[PDB]
């Protein structure tokens, strides 16, 4: 286990989200669709990606609550249709303002906060407790493994060591 309890997970979600969404404060609406060569996504596409995926994970849990046997990311799109799914995210939130996208993403992140609260320690942290989690596990590229063993723990274990320093180095 890498998060110790649901409180720690919730705090990391909240704090990473705040750092992320704060960056869009200074972006003019007229530039929401501005694409540069150095970065693949526009500000609008950047936010739309988060709105799309956070909507889906909430849907999975909802559908599973209903007894639905959920193996697909969505209505329509395969686990091999992700490039097309991201495309779908972009048009669904196309011509939405940064302000509007931010409002919706805020709502989703809170819903996720509530989902964590409403989940016992067990269904959050033990295997085979949601069939959508099992199913979604059913192909990973090299770059995902690199991220999962560098960027991801370098973030979460940095939070851990800072908490250790708070208590130990006083």
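Positions refer to the first chain, counted from 1.
Per the record, residue 138 and residue 139 are separated by 1 to 3 deposited residues that are missing from the model. Higher mean CA B-factor, judged across 7-15 and 147-155 from the recorded values: 7-15. Legend: mean Cα B-factor per stretch from the PDB entry, 67-75 versus 92-100; the higher mean is in 67-75. Comparing the C-alpha B-factors of 57, 27, 51, 133 in the entry, the top value falls on 133.
The top Cα temperature factor in the record, among 119, 105, 31, 142, falls on 119.
Ranked against the other modelled residues of its chain, the C-alpha B-factor of residue 1 as given in the entry falls in the highest third.
Among all modelled residues in its chain, residue 109 ranks in the middle third by Cα B-factor.
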